[PDB]
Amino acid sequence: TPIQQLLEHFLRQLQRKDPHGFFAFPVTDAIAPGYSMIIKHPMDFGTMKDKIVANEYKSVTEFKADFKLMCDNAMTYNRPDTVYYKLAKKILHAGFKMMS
């Protein structure tokens, strides 16, 4: 709760970095063939937004590790030459710079 306002600002800042909405909603097997076979713990901005309001983040560290989980997934699923992989590598770095 002393962190909620801060995590909301973090969330907003990070989505501003994904203007296409790539990271907005969970990825499904129909959009991304074999995804649930390859990716064990999915995560997305919309899920993170809910966790914040449900008071599920107990520390900035848990928050950050969701964001990182989300980017590691994308880098793991999508091949290095895609716009998906690249965006994930950029916003991961740029996002951790902002939160650290």
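When you see a residue number, it is the position in the sequence shown, counting from 1.
For residue 17, the recorded CA temperature factor ranks within the middle third of the chain's modelled residues. The entry lists a Cα temperature factor for residue 58 that places it in the highest third of the chain's modelled residues. Residue 37: CA B factor lies in the highest third for its chain, per the PDB record.
In the deposited entry, the Cα temperature factor of residue 30 places it in the highest third of its chain's modelled residues. Remark: residue 9 belongs to the lowest third of its chain, ranked by C-alpha B-factor as recorded.
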